[PDB]
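Undergrad: Supplied in C-alpha cells, the structure appears directly below.
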Amino acid sequence: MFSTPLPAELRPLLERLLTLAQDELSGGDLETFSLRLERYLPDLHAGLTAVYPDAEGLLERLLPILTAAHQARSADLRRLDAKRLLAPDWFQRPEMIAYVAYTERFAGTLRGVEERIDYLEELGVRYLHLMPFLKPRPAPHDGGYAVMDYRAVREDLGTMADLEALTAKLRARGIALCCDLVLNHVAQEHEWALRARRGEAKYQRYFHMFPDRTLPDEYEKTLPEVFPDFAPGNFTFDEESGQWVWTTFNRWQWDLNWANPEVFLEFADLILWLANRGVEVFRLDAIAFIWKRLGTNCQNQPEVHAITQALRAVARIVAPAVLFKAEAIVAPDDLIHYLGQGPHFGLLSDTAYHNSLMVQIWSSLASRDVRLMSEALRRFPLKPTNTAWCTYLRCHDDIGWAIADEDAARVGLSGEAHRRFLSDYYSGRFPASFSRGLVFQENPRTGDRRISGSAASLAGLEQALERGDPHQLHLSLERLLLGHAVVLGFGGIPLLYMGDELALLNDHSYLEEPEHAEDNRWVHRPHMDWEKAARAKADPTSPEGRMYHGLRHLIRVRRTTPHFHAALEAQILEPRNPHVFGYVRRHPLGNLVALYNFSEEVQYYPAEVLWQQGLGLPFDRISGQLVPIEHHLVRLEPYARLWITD
Amino acid sequence: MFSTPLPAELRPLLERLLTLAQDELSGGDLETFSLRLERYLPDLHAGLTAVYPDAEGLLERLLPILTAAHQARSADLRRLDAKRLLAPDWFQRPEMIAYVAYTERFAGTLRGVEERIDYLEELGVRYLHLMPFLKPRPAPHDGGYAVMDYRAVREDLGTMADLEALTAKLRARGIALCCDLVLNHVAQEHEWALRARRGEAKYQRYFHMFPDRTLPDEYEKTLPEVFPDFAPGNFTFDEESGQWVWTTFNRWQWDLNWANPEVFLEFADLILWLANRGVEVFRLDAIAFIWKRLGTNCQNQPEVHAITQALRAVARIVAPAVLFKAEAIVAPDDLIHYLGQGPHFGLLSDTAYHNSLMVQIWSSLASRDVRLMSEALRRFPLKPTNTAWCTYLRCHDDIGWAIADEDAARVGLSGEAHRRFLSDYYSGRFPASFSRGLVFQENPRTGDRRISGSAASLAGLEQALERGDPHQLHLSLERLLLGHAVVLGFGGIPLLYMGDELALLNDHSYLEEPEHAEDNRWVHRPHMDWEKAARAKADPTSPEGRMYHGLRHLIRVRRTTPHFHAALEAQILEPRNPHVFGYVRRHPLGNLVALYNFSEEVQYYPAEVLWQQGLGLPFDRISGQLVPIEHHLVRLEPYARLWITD
Amino acid sequence: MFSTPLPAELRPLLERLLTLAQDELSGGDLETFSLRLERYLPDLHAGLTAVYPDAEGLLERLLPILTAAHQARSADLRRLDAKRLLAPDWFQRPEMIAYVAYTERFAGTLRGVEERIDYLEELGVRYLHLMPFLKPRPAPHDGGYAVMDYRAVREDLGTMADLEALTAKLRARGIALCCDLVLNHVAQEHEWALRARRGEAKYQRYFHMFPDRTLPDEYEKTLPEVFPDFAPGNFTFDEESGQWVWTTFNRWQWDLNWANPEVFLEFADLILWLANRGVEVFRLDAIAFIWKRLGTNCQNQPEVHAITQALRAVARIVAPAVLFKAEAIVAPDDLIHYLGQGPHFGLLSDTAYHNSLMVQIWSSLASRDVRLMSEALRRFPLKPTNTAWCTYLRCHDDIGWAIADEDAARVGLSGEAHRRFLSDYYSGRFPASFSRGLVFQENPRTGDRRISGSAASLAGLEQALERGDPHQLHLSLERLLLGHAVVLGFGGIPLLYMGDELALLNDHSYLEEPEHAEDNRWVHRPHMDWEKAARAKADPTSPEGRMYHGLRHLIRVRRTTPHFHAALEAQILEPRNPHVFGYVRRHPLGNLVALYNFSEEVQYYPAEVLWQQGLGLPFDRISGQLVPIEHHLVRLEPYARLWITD
C-alpha cells in the first residue's frame with residue numbers, strides 16, 4: 001500500500017551498489033535485479049542504520065551475497081517470484097489452506113512427504129510447514145529447535161537434494177513449503193558455538209558471553225523464565241570457555257548477538273540459500289527475543305523490527321516469492337507490531353500467529369461465554385492490508401493464556417482469576433471439565449501455567465470415549481468443528497495441525513523416551529495414524545470420519561467464499577447473545593456475517609442484525625440453505641457455525 | 001404535577017352542585033368541601049362523561065353521597081386528610097414499609113391484630129394490607145374474593161366496630177390499613193345477584209346476563225381463561241334466572257356491569273363508607289377486567305381508566321388521605337396505563353403492583369443472568385412522579401410469567417422457550433433446580449403455566465433443609481435477602497408478605513381442607529408461626545433469624561436512605577457483568593448505585609461505573625463500609641447486594 | 001415533590017411551638033395553623049440553624065409573629081391560600097401571563113390601576129408586577145429601590161388602603177400582585193439607618209459598619225462594581241456616624257447585615273404583613289448579595305439560600321397563596337441554585353428570572369445564529385418540577401451579557417470577543433446594526449459593558465422609522481414578535497414589559513430630570529401612551545397595531561396550549577439549520593416542536609425532525625394551518641415562529 005521512496009542522500013550509495021552489481025550481472029538480468037534493489041534499498045537501509053554503526057559499508061558487504069544468490073536462483077523460482085509480484089495478495093486468498101507436521105511423524109522422511117501430497121491436496125492444502133528438519137544437536141534438541149548446521153537436513157530425514165526434489169513436487173501441485181529460521185539461538189554444538197568455546201574472538205562476538213555474574217545478575221532482575229522447569233533463568237555457565245552464556249531456552253540453545261553485523265550477514269545469506277532450495281515461507285522463530293537491553297524483558301525491543309525490516313528487504317530483492325511469518329507469542333497489546341507499525345508499517349513479516357484468537361476460542365469453549373473474546377478482538381488494532389494473520393486452534397507448543405487485564409475488566413472478569421481458571425479447566429481439575437490437558441512449566445514464583453494437549457483431548461473426545469457417552473462424543477466433535485470453523489472463517493492462513501482432521505488424542509508414548517519425557521509438549525506431537533486416515537475417509541460415521549468430512553466441507557466452503565480474503569478484517573458484532581460469537585466481513589460483493597454458538601445448548605440470536613448488515617434474504621454457505629428466521633430470532637443448534645451472505 | 005383546569009362549559013354544573021352542597025353543609029365546613037369539589041370536578045366529569053350517557057344527572061345524584069360521607073367523617077380522619085394534602089408524597093417516602101397478611105392467619109381476629117402492632121413496628125411497618133375480611137359467601141370464596149356483603153366483617157374476624165377500633169390503634173402508630181375493593185364481581189349470594197336470580201330486571205343489569213349462547217359464543221372467541229381448572233371460559237349457566245352470566249373467575253364470582261351508572265354509585269358510596277371506618281388504601285382488585293367489549297380480551301379497555309379516574313376523584317374530594325392501589329397483573333407494555341397516561345396522567349391509582357420487577361427477580365435467580373431483567377426494566381416507560389410502584393417478591397397469588405417476546409428477543413432469548421423454562425425450573429423438574437413450587441392452572445390449549453409456592457420454598461430453603469446441606473441453606477437464605485434487597489431498593493412501597501421475614505416454607509395442610517384442596521395457591525398462604533417469630537428474634541443464626549435480622553437490617557438502611565424516595569425511578573445500568581443487576585437513583589444529595597449479584601459465585605464489576613455516576617469514595621450503606629476496589633473491579637460475594645453512595 | 005420530614009431531635013421544639021400557638025389561636029383555626037407549622041418547621045429550622053446561632057430561641061420569638069399574621073389574614077386570602085394548596089401548579093399553567101409596570105407610568109396612582117384592569121384582561125394578564133411603590137427616599141431613589149418605609153405607599157401613588165382595595169379588585173379578576181421585597185438594603189433616610197447614624201448600637205448591627213479602611217480595603221480586593229459610574233467600589237463614608245458602611249448599589253442604599261437575627265425577623269414580619277394587604281408574589285430584589293464573606297465576591301454564598309428557605313417556610317405556614325420570585329442576574333452555572341439545589345431542592349423561590357434565555361434571544365437576533373443559544377440552554381441544569389422560570393425579552397434594567405466562555409468555546413466562539421460584539425452591536429456601533437441602544441456602566445478596568453434601550457429600539461423599529469423603509473419596519477416588528485414568541489413558548493411565566501405590546505421606543509425625557517439624567521436605564525422606562533394603546537386597538541395595520549394584535553394572538557394561542565405548562569422543560573434540538581432555534585416540550589397529550597427563525601431571510605429546516613418527535617401530520621397552532629412540507633423541508637418565513645403539534 002505504501003512504498004518507501006528513495007531519500008536523496010542515498011542516491012550515492014545506490015550508485016555504488018549498482019556498480020558492484022554491474023561486476024556480477026549483465027543485460028536484462030542486471031536490470032531486473034537493479035530495479036528490485038532500488039525498490040527495497042530504502043527499507044533495507046532504514047532497518048540496518050537503526051541497529052549497525054556502518055550501514056553503507058555493511059550494504060557493500062551484503063551486495064555480492066544478493067548477487068550470488070540471484071545468480072544461483074532457478075528459472076522455476078524466478079517465474080514464481082515474477083508471478084507473485086503481479087499477484088501480491090496470493091497468500092491472503094480463500095484458497096490458502098495450511099498444514100503443519102513433523103516430517104518423521106507425517107511421512108518418515110522428506111522423500112516420504114511426496115507420497116502424501118495426494119492426501120494434502122484432498123484437504124486443499126496450499127501451504128505446508130514441516131517442523132525443523134535441519135541438522136540439530138543429538139539427544140534432546142527441542143524438536144529440531146537446537147540447530148547444529150543450517151546447511152544440512154537431519155540425516156534420518158534425507159539430504160538437501162531430497163529437499164530440492166520435495167519443493168519441486170510441492171510447487172508442481174501449488175503447495176508452498178514453510179521452513180523455520182531459528183535465528184535467535186544455535187545449538188552449543190554449532191560450529192559458531194564450538195569456535196566461541198575454543199576462544200576464537202570473531203565467534204565469541206556471535207554470542208552474549210560474560211566473564212562473571214555481575215552483568216547476568218543485573219539482566220536477570222527484569223527477565224522472565226520461558227522454561228523454568230528445564231533451565232532456570234536466562235544464563236548457563238560454559239565449562240570450556242569459562243564464561244557465562246545467555247540461554248533463554250534450553251541451556252544448549254545459545255542466544256545470538258544481533259548487535260553484531262556479522263550475524264545479520266550470516267542470516268541474509270542463509271535466507272536466500274534456503275529460498276533457492278525452494279523454501280517459500282520462513283517462520284521467524286523466537287523473533288521477539290533477538291535484541292537484548294538491560295532493564296527490559298529483552299522482548300519486543302524496537303531493534304527486533306529494524307532487523308526484521310532489513311531481512312525482509314533482502315528477501316524482497318532476491319526472492320520476491322518468499323513470505324516471513326513472525327512467531328510472536330506475546331501480549332494482545334504487543335502482537336500488532338510484528339506486522340509493522342509507525343515507520344515499519346507493512347515492511348515486516350507478511351503473517352504472524354494470532355495467539356490472541358487461538359486463546360479466546362479455547363477460553364470461550366470453557367466458559368460458554370464470548371464477551372471477553374468479542375471485547376479483546378474488537379480492541380485489536382487493524383493490521384496493514386498487505387499482511388495476514390495465521391489462524392490456528394492448536395500447534396506444536398503449549399497454550400499460553402495471553403489475556404489482557406484491561407479486556408477482562410471491561411467485561412466484569414478478573415484477568416488473574418480467569419487465567420488461573422483456564423489452566424484449572426484445561427488440566428481437567430475444574431468440576432465437570434471435559435478437558436484432558438497437562439500443566440506445562442508451572443512457575444510457583446509468578447503463578448503462570450501453560451497447557452499441553454491435543455485439540456481432541458482438550459475439547460472432550462478423550463473423556464467422552466472413557467465415559468462411553470455418545471452425546472458427549474458428538475458434542476466434543478462439534479466443539480472441534482466449531483473451533484476449526486472460527487480459524488477457517490476469521491480471515492487469515494488457517495494452520496491445520498497434523499492429525500486434528502482425525503481428532504487425534506493425547507499420545508503418552510513420549511514418557512518412554514528419555515530425551516522427550518521431561519517435555520510434556522510431546523503429548524500433542526503424535527505420529528500420524530494412516531490406518532485412521534483410511535478409516536475416516538471410508539467411514540464418515542466414525543469419530544475420525546465425522547471430523548475429517550466435517551473439516552473437508554468447511555475448507556471447500558471457505559475457498560469458495562471470496563469474503564474470507566485476508567486483506568479484509570472481521571468487524572466484531574456486540575455479543576447480543578453472550579454465548580454466540582459474531583462478526584461481519586465487508587467484501588465488495590456484499591457482507592458476510594459469521595455466527596458461532598460457543599454453547600452445547602440451543603441459542604437464539606436477534607435476526608435484525610442480519611438485516612442491519614444488509615442481508616435481506618440470509619443464506620448460510622455452510623448448510624447451503626436459507627437461514628430460518630422465526631419470531632425475529634435465528635435458532636442456533638449446539639456449537640452451530642453459520643457463514644451468512646445474500 | 002398537573003391540575004386539570006375547569007372547562008368554561010362546566011361552570012353551570014359546578015354552580016348547581018355547589019347550590020346542592022349549600023343544602024347539606026354550612027360554614028367553614030361547606031368552604032372546605034366546596035374548594036375540594038371545585039378542584040376535582042374536572043377529573044370526575046371527564047371520567048364519567050367518557051362512560052355514562054347523562055354525566056351531569058349522575059353528578060347531581062353523587063353530590064348528596066359526597067356530602068353525607070363528608071358529614072360522617074370523624075375529626076381524626078379529617079386531620080389525616082389535611083396532613084396528607086400538605087405532604088402528598090408521604091407514601092413515596094423511604095420510611096414506608098408494608099406488610100400483607102390474612103387476618104385469621106396473622107392474629108386470629110381484627111382485635112387480635114392490635115396485639116401484633118409491636119411486631120409490625122419492630123419491622124418499621126407503616127402500611128398493612130389485611131386480605132379480604134368483608135363477609136364472603138360460604139364454603140369456597142377464593143380466600144375472601146367472593147363478597148356477599150361489603151358492609152359486614154366476616155363473622156369469625158369480628159364486626160365493623162372492631163374494624164374502627166383497630167384502624168384507630170393503627171393510626172396512633174402511623175400504620176395505614178389497605179383493604180381490598182373487589183369492584184369487578186360479587187358472590188352469587190350477594191343481595192344484587194339474588195335479586196337478579198329472582199328475575200328483577202334492575203339487578204340483572206348489575207350483571208352481564210344472556211338468554212342463550214348467541215352472545216356468549218361470540219365473546220369467548222377473544223377471551224382468555226383465568227381459571228381453566230376451576231371454571232372453563234368466562235360464562236356460567238344460572239338455573240334460577242335461566243341466564244348465562246359472565247363469570248371471569250370462579251362460577252360463584254359474578255362480573256358487575258360497569259356500563260350501569262347504578263354500579264358506579266354503589267362503589268363510590270362503598271369507598272367513602274369504608275374510608276370513614278378508617279380504610280386508608282383501596283386495592284382495586286381485577287381493575288383491568290371491569291369493562292367488556294365484544295372482539296377484545298375484555299381487559300385494559302379505555303373505560304377502565306375513565307371509571308378509575310371518576311372513583312379516584314370521589315376519594316380526593318371527600319377523603320384526601322386515601323390512596324388507590326391498582327391490581328393490574330398485565331403485560332409489561334400495558335402496566336404503565338394503570339398509573340395514568342395521556343388524558344389520565346397521574347389522575348388514576350396512586351400505586352400499582354410491579355409484577356414485571358417480581359417476575360424479573362425470579363427469572364434472573366433461575367438463569368443467573370440479569371440481561372432480560374435489565375432490558376425489560378430499561379424499556380419500562382416513566383410513571384407520573386406523584387405515583388409509586390408497589391414492589392414485592394411474593395403475595396397471596398401464583399406467579400404469572402409476564403415476559404414480553406420483544407424484551408426476550410432483544411437479549412437473544414425465545415420468549416416462549418424462556419416462559420416454558422421458568423415453570424420447568426420453579427416446578428422443580430429442571431435438572432438441579434433448587435425450587436419446590438407447584439404448577440397452577442396449566443392450560444394445554446395455550447401452553448400457559450403459573451407457579452404457586454412460598455419465597456423460601458421457591459428460593460431453595462425447603463430442599464436445603466431436607467438434604468441437611470449447609471452450603472445450599474446459606475445460598476437459599478442469601479437468595480431471599482437478595483430478592484428482598486431489590487424490592488426494598490428499587491423505589492416503591494415494599495409489600496412484605498407475612499412469614500417471608502421467617503422464611504416460611506410451603507404449607508401442604510390445604511390438601512385436607514376440602515374447600516382449599518383444589519386451589520394450590522393455599523400452599524403459600526401459611527398460618528403465622530409465633531414460636532418461630534420468638535426463635536427468630538432470639539437466634540440471629542437460625543434460618544428464620546438470618547432472614548428476620550437480615551431483613552430488619554435492610555429495612556433500617558432503606559428508611560435512613562433518602563435516595564429511595566419513590567418520586568425518583570431506577571435508571572438501569574448496562575449489565576457489564578451479565579450476572580449483576582445495576583441501576584442508579586439520582587437524588588438531590590447525590591447518586592446511589594445499587595449492585596445485586598444474581599449468581600451463587602463471586603462476581604467482579606467494573607469500578608469505573610461508580611466514578612461515571614460521580615462516586616469518588618464509594619460507600620456501601622448495607623455493610624456500613626467503603627466498597628473495596630481492586631484492579632479496577634468491585635468483588636461481589638455470592639448473592640451480594642450493595643447500596644452505594646459517596 | 002419532596003416533603004422534608006421532621007427529624008426526631010426537633011420533636012421537643014415542635015411541642016413548645018404548638019403550646020405557644022395554643023395560647024394565641026383555638027379550635028379548627030389552631031389545627032389549620034398547627035398542621036402548616038408541623039409541615040414546614042423542618043425547612044424553617046434547617047434554614048435558620050445554618051445561619052443563626054440560637055435557632056431554637058429564634059423560632060420562639062418568630063412564633064407570635066406567625067400567629068399574629070395568621071389572625072390578621074382575611075377570609076378571602078385564607079380561601080385563596082386553601083385554593084392554591086389544592087392546585088400548587090397554578091402559576092405554571094399556560095394561562096399565566098405577567099405584566100410589569102411602574103404605577104405612575106402606567107396609570108398615575110394605585111387607584112388609577114383599577115381603571116386599566118380591562119386592558120390587562122384583554123392581554124390575558126393574571127400577574128401584575130408594579131415596580132417599587134413603597135415610600136422611598138427623596139430625589140434619586142433608584143426608581144423606588146431605596147426604601148425609607150416598607151409600611152407606607154409612596155404618597156403620590158396613594159395609601160395602604162388604596163393598595164388593599166387594588167388587590168381586592170385584582171383578585172376579583174384573577175390577577176396576582178407581585179411586590180418587590182427590597183431585602184438587601186434600605187435608604188440611608190430609613191428609620192433603621194437614621195438610628196444607626198446617631199450611634200444606637202442595636203441598629204449599627206443592622207448594617208456593615210467599619211471604623212476605618214482596614215477591613216473595607218480587604219473586602220474590595222475580591223468585589224466587583226455594580227454601578228461604577230454612580231458609586232465606585234462597595235463602601236461609602238458616613239460623616240454623621242464617622243464610619244464606612246457597605247453600599248453595593250448607590251451610596252444611599254445601605255446593605256443590611258443578614259448575620260443579625262433581628263434582620264431575619266423584620267423581613268419575616270414584613271412579608272406576612274405585606275401578604276395580608278394582598279401581595280401574592282415577592283420579588284427578592286438583589287437576593288444574590290444578602291450574605292458577605294471576606295475573600296469572595298459576596299454573591300451566591302450558601303447562606304443566601306438557607307435564609308431564603310427560612311423566609312419561604314414562613315410564607316408557606318401563614319400564606320400558602322404567596323410565591324417567591326428570585327432576582328438573581330448571575331452567570332449561567334449559578335442561576336439554578338435560586339430554584340433550590342442539593343439540600344435546598346425546590347425549597348427556595350418558586351420562580352427566578354431566566355436571564356440566560358433573554359441574553360441568548362438578543363445574541364441570536366444580532367448574529368442570525370442560534371448555536372450559542374442552543375448549546376447554552378441545552379447545558380442548563382433541570383429545575384425542580386414545582387418551580388418555574390420567568391421568561392422576558394426586556395425589563396426595567398439594562399442587559400448584562402451573561403455568556404459562559406465554556407458555551408461559546410463549544411460552538412467555536414471567543415467568550416470575550418462575543419460579549420464585546422453584543423455591546424458593539426446593541427450600542428449601534430457595529431456595521432449595519434439595526435439597534436438604537438446605549439452603553440451603561442462601561443467599566444474600563446474590567447471591559448464589562450451593559451446596554452439600555454426599549455425592545456423596539458434594540459430590535460430596529462427606531463432606525464426603520466428614521467430610514468422610512470417599510471420593509472425594515474416589517475422585519476423590526478417581526479423580530480419583536482419572534483422574541484416574544486420564544487418568551488411565551490419556552491415554558492414559564494412570561495413577564496411582558498409595559499409598552500412592548502405597542503413597540504414603544506427609547507424615551508430621552510430622562511435627560512431633563514436631574515434625578516434620572518445620570519441613569520440611562522430611564523431610556524427604557526417610558527410613560528404609557530394611552531392614545532397609542534387606542535390606535536393599536538383601532539388600526540391593526542399601524543406599527544403599534546401589528547405588535548398589539550400579533551402579541552395578543554400569540555398569548556391567546558399559548559393560553560389554549562397545555563404543552564406550555566412549566567413543570568415541563570424545553571428539550572433543545574440540534575440547530576441543524578444554524579439560523580433556526582428548536583426544542584420539543586413533551587406533554588402527556590403529545591409532543592410540541594417549536595421552531596424559531598432568527599434570520600431575516602427564508603430558511604429551510606429538515607422535516608424528518610417533526611416525524612422523529614412523533615408528528616405524522618404537523619399542525620402549526622400559530623398559523624392555525626398544517627405545516628407545509630416540500631422536498632423533506634419546512635420552509636420558514638423571515639423571523640417565523642411555529643408551535644407544532646399533531
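Note on naming: chains are A, B, ... as they come in the C-alpha cells, residues start from 1 per chain, ligands start from 1 in the order shown.
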Excluding residue 66 (chain C) and any residue of its chain fewer than 5 positions from it, enumerate the residues within 8 Å of it, using only C-alpha atoms, and give them as a PyMOL selection string.

TA: chain C and resi 269+272+314+317-318

Undergrad: Find the residues of chain B in contact range of chain C, meaning any atom within 9 Å when counting only C-alpha atoms, and list them as a count of residues only.

TA: 32

Undergrad: Which neighbours of region 619-630 of chain B fall inside 8 Å, counting only C-alpha atoms, when residues of the same chain fewer than 4 positions from it are skipped, and could you give them as a VMD selection string?

TA: chain B and resid 553 to 554 557 607 634 to 635 641 to 646

Undergrad: Do you have the CA of residue 150 (chain A)-CA of residue 307 (chain A) distance handy?

TA: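 Taking CA of residue 150 (chain A) as the start and CA of residue 307 (chain A) as the end point, the length is 19.5 Å.
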
Undergrad: List the neighbours of region 18-23 of chain B out to 7 Å using only C-alpha atoms; skip same-chain residues closer than 4 positions along the sequence, and give me the result as a PyMOL selection string.

TA: chain B and resi 14+30+34+67

Undergrad: Please produce a file of those selected residues containing C-alpha atoms, as a PDB file, in the first residue's frame.

TA:
```
ATOM      1  CA  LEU B  14     -70.279  23.411  39.274  1.00  0.00           C
ATOM      2  CA  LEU B  30     -69.022  23.980  53.365  1.00  0.00           C
ATOM      3  CA  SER B  34     -66.635  23.161  48.213  1.00  0.00           C
ATOM      4  CA  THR B  67     -71.883  15.435  51.365  1.00  0.00           C
TER       5      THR B  67
END
```

Undergrad: Find the residues near residue 157 (chain A): any atom within 12 Å, counting only C-alpha atoms, skip ones fewer than 4 places away on the same chain, and give them as an MDAnalysis selection string.

TA: chainID A and resid 102:113 130:136 144 152:153 161:163 166

Undergrad: Using DSSP on the backbone, list every residue of region 436-582 of chain A that comes out as strand (DSSP E), and give them as a list in words.

TA: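 Here are the strand (DSSP E) residues of region 436-582 of chain A: residues 438, 439, 440, 450, 451, 452, 493, 494, 495, 496, 497, 571, 572, 580, 581 and 582 of chain A.
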
Undergrad: One number please: CA of residue 426 (chain A) to CA of residue 570 (chain A), in Å, one decimal.

TA: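 A separation of 27.3 Å between them.
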
Undergrad: Interatomic distance between CA of residue 241 (chain B) and CA of residue 197 (chain B)?

TA: 4.8 Å

Undergrad: Write out as JSON, numbers by chain which residues come within 12 Å of residue 327 (chain C) when counting only C-alpha atoms, dropping same-chain ones fewer than 5 positions away.

TA: {"C": [180, 181, 182, 183, 184, 282, 283, 284, 285, 286, 287, 288, 289, 290, 300, 335, 338, 339, 349, 350, 351, 352, 353, 354, 355, 389, 390, 395, 397]}

Undergrad: Now that the selection is made, can you save its residues with N, CA, C and O atoms as an mmCIF file, in the first residue's frame?

TA:
```cif
data_model
loop_
_atom_site.group_PDB
_atom_site.id
_atom_site.type_symbol
_atom_site.label_atom_id
_atom_site.label_comp_id
_atom_site.auth_asym_id
_atom_site.auth_seq_id
_atom_site.Cartn_x
_atom_site.Cartn_y
_atom_site.Cartn_z
ATOM 1 N N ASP C 180 -42.051 44.026 44.945
ATOM 2 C CA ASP C 180 -40.621 43.977 45.320
ATOM 3 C C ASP C 180 -40.522 43.872 46.840
ATOM 4 O O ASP C 180 -41.256 44.607 47.531
ATOM 5 N N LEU C 181 -39.655 42.969 47.297
ATOM 6 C CA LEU C 181 -39.140 42.874 48.681
ATOM 7 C C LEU C 181 -37.677 43.266 48.606
ATOM 8 O O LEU C 181 -36.822 42.410 48.304
ATOM 9 N N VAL C 182 -37.408 44.549 48.809
ATOM 10 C CA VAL C 182 -36.016 45.055 48.721
ATOM 11 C C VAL C 182 -35.298 44.700 50.024
ATOM 12 O O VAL C 182 -35.081 45.616 50.836
ATOM 13 N N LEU C 183 -34.923 43.427 50.187
ATOM 14 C CA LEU C 183 -34.450 42.879 51.487
ATOM 15 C C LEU C 183 -32.930 43.008 51.652
ATOM 16 O O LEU C 183 -32.447 42.677 52.747
ATOM 17 N N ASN C 184 -32.194 43.475 50.646
ATOM 18 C CA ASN C 184 -30.717 43.539 50.736
ATOM 19 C C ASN C 184 -30.295 44.862 51.374
ATOM 20 O O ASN C 184 -29.178 44.915 51.931
ATOM 21 N N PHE C 282 -43.628 37.973 45.955
ATOM 22 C CA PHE C 282 -42.493 38.802 46.430
ATOM 23 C C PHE C 282 -41.300 38.591 45.503
ATOM 24 O O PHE C 282 -40.780 37.464 45.453
ATOM 25 N N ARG C 283 -40.882 39.647 44.807
ATOM 26 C CA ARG C 283 -39.590 39.667 44.078
ATOM 27 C C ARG C 283 -38.463 39.900 45.080
ATOM 28 O O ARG C 283 -38.383 41.016 45.615
ATOM 29 N N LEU C 284 -37.646 38.883 45.345
ATOM 30 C CA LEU C 284 -36.471 39.007 46.235
ATOM 31 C C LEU C 284 -35.383 39.801 45.490
ATOM 32 O O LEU C 284 -34.471 39.200 44.885
ATOM 33 N N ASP C 285 -35.492 41.124 45.548
ATOM 34 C CA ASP C 285 -34.536 42.079 44.945
ATOM 35 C C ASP C 285 -33.139 41.747 45.456
ATOM 36 O O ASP C 285 -32.974 41.495 46.669
ATOM 37 N N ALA C 286 -32.183 41.662 44.543
ATOM 38 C CA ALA C 286 -30.752 41.556 44.879
ATOM 39 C C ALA C 286 -30.483 40.384 45.827
ATOM 40 O O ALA C 286 -29.535 40.508 46.624
ATOM 41 N N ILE C 287 -31.241 39.281 45.748
ATOM 42 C CA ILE C 287 -31.140 38.156 46.735
ATOM 43 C C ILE C 287 -29.712 37.611 46.726
ATOM 44 O O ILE C 287 -29.255 37.134 47.780
ATOM 45 N N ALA C 288 -29.026 37.647 45.586
ATOM 46 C CA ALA C 288 -27.664 37.084 45.443
ATOM 47 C C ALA C 288 -26.708 37.717 46.463
ATOM 48 O O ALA C 288 -25.727 37.026 46.871
ATOM 49 N N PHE C 289 -26.970 38.975 46.847
ATOM 50 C CA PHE C 289 -25.994 39.840 47.561
ATOM 51 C C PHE C 289 -26.139 39.752 49.089
ATOM 52 O O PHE C 289 -25.274 40.336 49.773
ATOM 53 N N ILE C 290 -27.155 39.071 49.642
ATOM 54 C CA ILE C 290 -27.554 39.296 51.070
ATOM 55 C C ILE C 290 -26.529 38.696 52.046
ATOM 56 O O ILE C 290 -26.721 38.935 53.225
ATOM 57 N N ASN C 300 -24.006 34.813 45.852
ATOM 58 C CA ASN C 300 -24.238 33.364 45.592
ATOM 59 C C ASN C 300 -23.729 32.507 46.754
ATOM 60 O O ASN C 300 -23.619 31.282 46.554
ATOM 61 N N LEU C 335 -27.278 30.203 38.256
ATOM 62 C CA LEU C 335 -28.712 30.586 38.281
ATOM 63 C C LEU C 335 -29.565 29.504 38.965
ATOM 64 O O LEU C 335 -30.382 29.864 39.822
ATOM 65 N N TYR C 338 -30.940 29.123 42.641
ATOM 66 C CA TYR C 338 -32.027 30.008 43.157
ATOM 67 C C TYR C 338 -33.391 29.325 43.019
ATOM 68 O O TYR C 338 -34.336 29.811 43.634
ATOM 69 N N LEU C 339 -33.473 28.195 42.306
ATOM 70 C CA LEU C 339 -34.687 27.340 42.299
ATOM 71 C C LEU C 339 -34.513 26.154 43.262
ATOM 72 O O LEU C 339 -35.417 25.312 43.319
ATOM 73 N N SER C 349 -37.115 29.973 46.288
ATOM 74 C CA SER C 349 -38.088 30.735 45.466
ATOM 75 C C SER C 349 -38.835 29.765 44.519
ATOM 76 O O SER C 349 -38.248 28.716 44.091
ATOM 77 N N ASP C 350 -40.074 30.104 44.187
ATOM 78 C CA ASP C 350 -40.909 29.336 43.239
ATOM 79 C C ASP C 350 -40.446 29.617 41.809
ATOM 80 O O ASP C 350 -40.626 28.751 40.931
ATOM 81 N N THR C 351 -39.895 30.805 41.582
ATOM 82 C CA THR C 351 -39.508 31.318 40.246
ATOM 83 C C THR C 351 -38.213 32.126 40.341
ATOM 84 O O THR C 351 -37.796 32.543 41.456
ATOM 85 N N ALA C 352 -37.599 32.329 39.190
ATOM 86 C CA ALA C 352 -36.378 33.134 39.023
ATOM 87 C C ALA C 352 -36.350 33.623 37.581
ATOM 88 O O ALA C 352 -36.907 32.913 36.704
ATOM 89 N N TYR C 353 -35.805 34.816 37.383
ATOM 90 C CA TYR C 353 -35.628 35.450 36.055
ATOM 91 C C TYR C 353 -34.724 34.532 35.229
ATOM 92 O O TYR C 353 -33.665 34.145 35.770
ATOM 93 N N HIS C 354 -35.136 34.158 34.002
ATOM 94 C CA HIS C 354 -34.243 33.410 33.075
ATOM 95 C C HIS C 354 -33.426 34.404 32.251
ATOM 96 O O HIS C 354 -33.752 34.623 31.051
ATOM 97 N N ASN C 355 -32.370 34.932 32.851
ATOM 98 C CA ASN C 355 -31.549 35.996 32.224
ATOM 99 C C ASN C 355 -30.731 35.385 31.096
ATOM 100 O O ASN C 355 -30.516 36.098 30.123
ATOM 101 N N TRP C 389 -39.406 29.081 35.558
ATOM 102 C CA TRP C 389 -38.733 30.299 35.052
ATOM 103 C C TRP C 389 -39.752 31.434 34.847
ATOM 104 O O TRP C 389 -40.936 31.179 34.547
ATOM 105 N N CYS C 390 -39.295 32.665 35.039
ATOM 106 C CA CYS C 390 -39.906 33.869 34.443
ATOM 107 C C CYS C 390 -39.113 34.184 33.191
ATOM 108 O O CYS C 390 -37.886 34.322 33.273
ATOM 109 N N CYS C 395 -36.897 44.408 30.404
ATOM 110 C CA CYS C 395 -37.349 44.753 31.773
ATOM 111 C C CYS C 395 -36.886 46.166 32.168
ATOM 112 O O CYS C 395 -36.393 46.871 31.316
ATOM 113 N N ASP C 397 -34.404 47.034 33.806
ATOM 114 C CA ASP C 397 -32.926 47.128 33.882
ATOM 115 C C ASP C 397 -32.278 47.029 32.499
ATOM 116 O O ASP C 397 -32.913 46.585 31.507
#
```
